[PDB]
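Consider the single chain below, provided in C-alpha cells and representing the form deposited in one PDB entry.
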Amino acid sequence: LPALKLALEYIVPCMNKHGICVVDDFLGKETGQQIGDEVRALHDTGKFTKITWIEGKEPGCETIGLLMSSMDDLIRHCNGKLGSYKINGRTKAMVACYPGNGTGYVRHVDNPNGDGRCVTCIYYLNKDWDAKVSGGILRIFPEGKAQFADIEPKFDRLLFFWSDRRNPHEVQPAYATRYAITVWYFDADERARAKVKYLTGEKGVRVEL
C-alpha cells in the first residue's frame, strides 16, 4: 500500500473518529528486524542514556532513519486533515527499552500541558510477543468512552494516538525485553503557544558556563 493510500483511507479516518490507530506489517519482516538489530546495537555498544534519542542519520541507524522517513511521509499526506492540526515538525526518535524484569510505566499523559505535541507515533519491534505471558500491554483509556484499548507491542506495528489528555495510557509490567521507537508530531499553533510559556525549543538547551 502506498503512503498516500494508507494516510487517506486508514490513518486520517481512524484518527478523526477514534484517535487511536494501528497499522500492522508496516515495513515488512526484513526491514523490521534490521531496525531490531540497530536498536540492539545501541544497547550492545551502550548508547542508552533505558531511553536514547536518535536523529536517524547516525552510523548504524540507517534503517531507523528509513522508519523516520516513512513516518514523516505518512504524516505529510495527513497534513491539514487531522482535526484542525497543522503538523510543522517533530521530535527526534525515542528508542525505549523495557528491560523485562517486571518494569512498566504508570498511567500518564504524554502532553498534558500543551507543549506542542499532538500526535504520538510508536513503532514496535517485538517478534513473537505474547502479552498473556510477557505482559507489556499498552493500555489507553480514551476520554469519554467507558472502555479501554489494549495494544500488544507486536513486531512491525505502527501506532498513532493524540498526545493530549484524551489518551491517558500505561505500559503494564513486561517480563521480556520490550522495544519501541516513538516520534511526537508538533502542531504549529500549540507549539507557538508552548514556546511562549515553557522552557522548550532552542532556548531549553543547557549551555555550560
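All residue numbers are counted from 1 along the displayed sequence. Shifts are known only where both forms have a C-alpha. Rigid core (definition): largest C-alpha set, two forms, superposition within 1.5 Å.
Below, we refer to the form deposited with a partner chain bound, which is not included among the displayed structures.
Taken together, 55, 88 and 195 are fully in contact with its partner chain in the bound PDB entry: each brings a heavy atom within 4.5 Å.
When contacts are judged by a 4.5 Å heavy atom cut-off, residue 127 does not count as touching its partner chain in the bound PDB entry. Moving regions between the shown form and the other one, defined as 3+ consecutive residues each with a CA shift of at least 2 Å after core superposition, come down to one: 195-197.
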